[PDB]
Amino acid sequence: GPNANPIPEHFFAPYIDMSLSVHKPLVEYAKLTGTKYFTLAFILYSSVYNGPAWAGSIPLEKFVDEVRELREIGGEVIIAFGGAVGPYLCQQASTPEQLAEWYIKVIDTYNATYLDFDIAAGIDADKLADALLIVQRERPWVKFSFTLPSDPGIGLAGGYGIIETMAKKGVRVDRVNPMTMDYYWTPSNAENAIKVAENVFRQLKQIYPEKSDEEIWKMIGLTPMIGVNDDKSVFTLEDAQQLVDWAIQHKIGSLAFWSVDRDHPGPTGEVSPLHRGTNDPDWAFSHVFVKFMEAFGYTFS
């Protein structure tokens, strides 16, 4: 389209924490990582602006030019709300109407075609669904992704109720993206990410029993935390390769990871937003995950 670009059927759009001082232009990340699709994190409620802002404090419009430049090389973005630290727009908004207004302001500022609701805290799912009914009516070209905590013994946790609510209310659910990380009782590896995927498959089949197996896998994305996780387990480069091969075999919809600015070597086992606490060279995980898109037609020089 004039500005917005197509996202591939099978895509890799890793998270960038837009608020970090190390932040590079998106086009530069595209060159370094090999992917021209990113999930931009995170929009939160700012008291100062009484509305949406990066990290809940940085002007919403700050990155408009960067997105325009990425679109010049055929790239595209998913805008993410929420994450580990609040306050979320959906928590602060008093009505679904106010919430929808905020979401629509973000869509219109970025000409967004895909939003990601990264819900890792207690919320009022009914209010969210009511807001999203307004958003999809007013902006019917915008896809919705739900990124949620997960565990290999259960699949989605309370996040499952969010998807159940969406389905019942008639809110589009284009992507369900479990965060295959930080289990604390068992390590963040490929085997456990695959167990999460299988559990989420069963969960989505229970909500949408009319969907074919292929339709369910297409709805699923997986998002690990690269290298050292907060719980000290390590999602290794070997894990990355195993997960990518599994994801290709199952023709799932998407992969992402936390995070682009962490794809650098760092002191062993240290948790940082600026490196991954392993010795793999710069951009090593990015290059492995890009193979997921390459299997299905993607090329970028």
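Residues carry their position along the shown sequence, with the first being 1.
Here 125-133 and 156-164 are compared by their mean Cα B-factor, and 125-133 comes out higher.
Mean C-alpha B-factor is higher over 21-29 than over the other stretch, the pair under comparison being 21-29 and 283-291. Residues shown: 228, 171, 77, 220. Highest C-alpha temperature factor in the entry: 171. Based on the entry's C-alpha B-factors, the most elevated value among 181, 85, 196, 142 belongs to 85. For residue 175, the recorded CA B-factor ranks within the lowest third of the chain. Only modelled residues enter the ranking. Ranked within its chain, residue 148 lands in the lowest third, by CA B factor from the PDB record. For residue 261, the recorded CA B-factor ranks within the lowest third of the chain. Only modelled residues enter the ranking.
In the PDB entry, residue 241 places in the middle third of its chain by CA B-factor. Per the deposited record, the Cα B-factor of residue 42 falls in the lowest third when ranked against the other modelled residues of its chain.
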